[PDB]
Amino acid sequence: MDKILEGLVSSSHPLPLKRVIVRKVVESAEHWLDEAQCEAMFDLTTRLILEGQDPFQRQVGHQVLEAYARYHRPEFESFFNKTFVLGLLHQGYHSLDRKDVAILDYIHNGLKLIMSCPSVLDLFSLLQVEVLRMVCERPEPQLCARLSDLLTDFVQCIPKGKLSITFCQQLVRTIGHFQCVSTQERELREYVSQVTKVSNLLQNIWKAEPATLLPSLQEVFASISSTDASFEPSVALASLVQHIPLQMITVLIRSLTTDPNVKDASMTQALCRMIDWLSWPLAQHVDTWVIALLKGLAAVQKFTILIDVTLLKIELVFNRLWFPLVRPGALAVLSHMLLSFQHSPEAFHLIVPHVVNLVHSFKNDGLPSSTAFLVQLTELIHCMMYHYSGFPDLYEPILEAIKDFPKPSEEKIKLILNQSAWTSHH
C-alpha cells in the first residue's frame, strides 16, 4: 500500500477520491504486515509529514502513520529509535535543517506514539541532554515554543537535578535573544503567543521545582543590568515577570540597589530595560517593577540616574497610554516620574505636545473606562501646569482640550505636589 499512497498523493485526482483511497490505506494497517511492509510505510509517511508540499499531504502522512504505529507498535518502536531521533536533531531530514519546527513537532508526535514502549525511557534520557543543548544554542521563538509544548507533555525530557537550574538559566538567556524581524501584524501576534508558551513552561518549572525560581530571576537581572554595548536584551523577558510574588521583587530590587559592588551604570541599564518592558504587548504589571526600582533608587539617592533616565524615557512611557492593557501601569509610572521631577519643566514639556491628541482620541470614544482614565490624566496635567506655570501659549491648547474634565482645587494640587522630589544637582 505504500506505493499506492505514494502514487495517489502526487496525483491530480479529485479530492473526494483521494480521501476514499487514503481511507483504504488507513484501513490497511489493521492487517498482519511483515517488517519490510511496516518500515516502507513508516518511511513514506514520515516523508509526507516532514516534506509534504501542502497541508493535505502532511495530514495524510499523519493519519496513515498514526494508524500504522497503532496497529504495529513494535515496528514503529524499531523505526523511531535513538539513532534516528538523534540524527533528526543533528542533521535534520532531507531538505529540512535540524532547527526546523516540523522536526521537533514530528519528534513530539513520535513520543506520543511510543510512550507505551520500553525504548521510551532511553529516549527521554537522550532528550534531556539534547534539549539542554538546544536551549544553549539560542533557538528562535517558534522552535522554542514547540519545545515548550513537547516538554509540557513529556516532563521526563526536562533536565533534572542540578541541570534543571542550568536549563532554566539558559532558557532565560535564550528568551533574552528573542526578536521578531517581521513587521507584518500576523507574525507579531504569533511571536507574542510563542513567547507566552516559553514563559508558561518556565513558570511551570518554577512551581514544580521551586529551587529554579531564584536562579532564574537572578539571570533576568543579570541580563537587564548588562552594560555590554554589543547586546540589547529582548523585551520578551517581560513575559516572565507578570506573576512573581511581591516579596521576591523586593529582594531583587533591594540587592540591585544596595549591593556595594553594583556599578551606577548597571542600575541605569536595569531601569532603562525595565521601562522598555512596558513595550511588551502583555505588560500589565510591569509598573510594579519599574516603580519599585524608582523608589529603590531614590532611597539610595541615585537622583541623577532617576533624572537622566526620566528625560530619556518619559516620551515612551507617555506613548504607552495608547495601549489599553498597559495604560494603567504606564499612567502609574508617568505619574511617579512627573510628580517626582520637580526642579525643571523639561520632562513635562517633552510630553506636552502629545497630550491633546491623546485626550481628543479618548474623550468621545463612548467608553466609561476612557472617561475615568482621563479624569486621572487631567488631574495630573493640572498639577504639572500649576507647578510649572508661566507658559500660557504652550498650555492653552491643553486647557481647551481638557475644559470638560474636573480641575482639582489649588489646595488639593499643592498637597499632591508635596510628593518627595528627586534632589537635583546631587
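Numbering starts at 1 and follows the sequence shown.
*Asks:* Which is higher on mean Cα B factor in this entry, 243-251 or 265-273?
*Replies:* On average, C-alpha B-factors are higher across 243-251.
*Asks:* Looking at the entry, does 329-337 or 211-219 show the higher mean C-alpha B-factor?
*Replies:* On average, C-alpha B-factors are higher across 211-219.
*Asks:* Reading the B-factor column of the entry, which of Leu293, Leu312, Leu171, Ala229 has the highest value at its C-alpha atom?
*Replies:* Of the options given, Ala229 has the highest CA B-factor in the PDB entry.
*Asks:* According to the Cα B-factor stored in this entry, which of the following is highest: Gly87, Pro281, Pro118, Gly110?
*Replies:* Most elevated C-alpha B-factor of the set, per the entry: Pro281.
*Asks:* What third of its chain, lowest, middle or highest, does the C-alpha temperature factor of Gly176 fall into?
*Replies:* Middle third - that is where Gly176 ends up once the chain's C-alpha B-factors are sorted.
*Asks:* Where does the C-alpha B-factor of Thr196 rank in its chain, lowest, middle or highest third?
*Replies:* Its C-alpha B-factor belongs to the middle third of this chain's values.
*Asks:* Ranking every modelled residue in this chain by its Cα temperature factor as given in the entry, which third contains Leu399?
*Replies:* Tercile = highest for this residue's CA B-factor.
*Asks:* If you rank every modelled residue in this chain by C-alpha B factor, which third holds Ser95: lowest, middle or highest?
*Replies:* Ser95: CA B-factor falls in the highest third of its chain.
*Asks:* Could you place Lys24 in the lowest, middle or highest third of its chain by Cα temperature factor, using the values in the record?
*Replies:* Tercile = lowest for this residue's CA B-factor.
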